[PDB]
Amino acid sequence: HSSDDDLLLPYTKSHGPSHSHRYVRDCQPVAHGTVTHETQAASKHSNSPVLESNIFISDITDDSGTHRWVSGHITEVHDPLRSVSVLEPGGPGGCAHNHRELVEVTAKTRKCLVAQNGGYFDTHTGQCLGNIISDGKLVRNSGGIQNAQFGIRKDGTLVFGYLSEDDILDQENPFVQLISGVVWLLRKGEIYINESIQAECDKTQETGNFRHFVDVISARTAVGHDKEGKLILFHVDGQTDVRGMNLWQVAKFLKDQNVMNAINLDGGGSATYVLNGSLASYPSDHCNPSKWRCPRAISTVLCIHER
């Protein structure tokens, strides 16, 4: 069991901004009009593998000129409507019980080919956070908390960005999967982090810690899509302020991989990549009894499985 000692928290108080979807609409740049999310038809390649999972080891140079090697995975999903599931921790109903569980354990319940940790959660109580829809079922309605969202609609539409409560409750072309992160990294192929800071953080003293959350290097995970509508999962190992990538670096890395929209999921010691049910990354938390590293018990999971 992990010690939970690499905590990378975007908020010091309540999770998410306090302002409404309408506030987000009214503050976004004029280029985006009145619509606060993007849509893309998912790819639907029946004559292709379910996914391709690739390992990268790359040299990143930060602003100060310092070089660092980072390691991680990029996963490309060819038929997201059929193969992608947002899973509650442990099993259906896990969120109602404030249950936390390793990615690998949750992943095995659905024989996920690739699984990563998913959304944010209360690291003291285990409470789930954000909006959650799992295989067509509404698991958690945040009441319109304005954090970055990723969803899939019944007709295969991929959705990225900010959603109202009315949006997620829509019964026309309803969401079949939905999860929330913190920070919209890329919008229409451009870095959207400064816009995210304004949308997803209260304009208070909170912004200092939130900008640190953005600027510090750590382990990170993200989900996005490319121009063909393939879903892209991203993971990079790290440790807060010691190894890994900050969100500017993640967004640039994904942009160069031709990702068009992408959101940041949970990171730090939460970041986990699981291949066919086996841990296949280097987590940053220490195990309770040693100098060894241990995967963290987390909340929702993003699972890629056979159609």
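Residues carry their position along the shown sequence, with the first being 1.
Look up the CA B-factors in the entry and say which stretch, 272 to 280 or 33 to 41, has the higher mean. Averaging CA B-factors over each stretch, the winner is 33 to 41.
Averaging only over Cα atoms, indicate whether 180 to 188 or 69 to 77 has the higher B-factor in the PDB entry. On average, C-alpha B-factors are higher across 69 to 77.
By the CA temperature factor listed in this entry, which of these ranks top: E104, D170, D237, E195? Result of the comparison over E104, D170, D237, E195: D170.
Per the PDB entry, maximal CA B factor within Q146, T204, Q127, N117: Going by the entry's C-alpha B-factors, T204 comes out highest.
Looking at the temperature factor on the CA atom of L51, which third of the chain's modelled residues does it land in? Its C-alpha B-factor belongs to the highest third of this chain's values.
When the deposited Cα B-factors of this chain's modelled residues are ordered and cut into thirds, is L265 in the lowest, the middle or the highest one? Lowest third, going by the recorded CA B-factors of the chain.
Relative to the other modelled residues in the chain, which third contains the C-alpha temperature factor of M245: lowest, middle or highest? According to the entry, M245 has a C-alpha B-factor in the chain's lowest third.
Looking at the entry's B-factor column for C-alpha atoms only, identify whether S299 ranks in the lowest, middle or highest third of its chain. According to the entry, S299 has a C-alpha B-factor in the chain's lowest third.
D122: which third of its chain by C-alpha temperature factor? For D122, the deposited C-alpha B-factor lands in the middle third.
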